[PDB]
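Colleague: model the following, please.
(one chain, ligands or ions: 1)
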Amino acid sequence: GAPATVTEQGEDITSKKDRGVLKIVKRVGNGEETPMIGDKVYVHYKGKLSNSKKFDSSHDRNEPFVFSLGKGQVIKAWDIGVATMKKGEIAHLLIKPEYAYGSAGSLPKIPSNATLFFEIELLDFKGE
Ligand SMILES: COc1ccc(CC[C@H]2OC(=O)[C@@H]3CCCCN3C(=O)[C@@H](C3CCCCC3)NC(=O)C(C)(C)N(C)C(=O)COc3cccc2c3)cc1OC
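Modeller: Numbering: from 1, shown residues only. And now the structure:
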């Protein structure tokens, strides 16, 4: 499935070049701009442990998820990954634990040492 394909073929979008955040574009977006550090970004998403059968469904699918890019308001992989996305893009991200919740996890949904997988749709972004 998509997690396997991303591990094998996905682009390494990390500074370390550790294949810790891997990306495949699912739907090509608009233009060439990407959000910048500090911009408010607006997304839809689906996330799971990478070996889970189903995406987590514990958030409202209609209401945009909003955060300030690059400010440590979300896991490291999202700050790196959303920064690479064009408006209207849908992307797959496969994420090693050190770019997510690491050895601590976040129990009960996220165990220690968990690899995560997301589908993210970038709806919009705007600067200060
Ligand atoms: C700077 O580092 C952090 C900053 C903030 C947090 C709190 C959790 C944070 O969640 C996330 O960053 C990711 C990506 C954005 C969507 C939510 N995230 C989740 O990990 C998912 C998770 C994915 C794997 C399957 C289980 C669900 N979390 C959620 O979807 C739910 C709804 C379960 N969750 C509690 C929230 O989305 C809570 O709202 C948040 C709002 C901002 C940041 C975080 C969570 C954790 C951090 O590091 C571990």
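Colleague: identify all contacting residues around the helix or strand hosting residue 24.
Modeller: Take DSSP states H and E as the rule and residue 24 turns out to sit in strand 21-27. Strand 21-27 has contacts (CB atoms under 8 Å, 6 or more residues apart in numbering) with 2, 5-7, 9-14, 76-77, 80-81, 84, 88-96, 99, 119, 121. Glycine gets a C-beta too; all of them are placed from N, C-alpha and C.
Colleague: buried subset of the residues you listed?
Modeller: Buried members of the contacts of strand 21-27, counted by 16 or more other CB atoms under 10 Å: 6, 10, 13-14, 76-77, 80-81, 84, 89-96, 99, 119, 121.
Colleague: for the most centrally placed residue in the chain, what are its contacts?
Modeller: With distances taken as CA atoms, centre = their mean, the residue of the chain nearest its centroid is residue 78 (4.3 Å). Residue 78 is in contact with 67, 93, 118, 120, counting by CB under 8 Å, 6+ apart.
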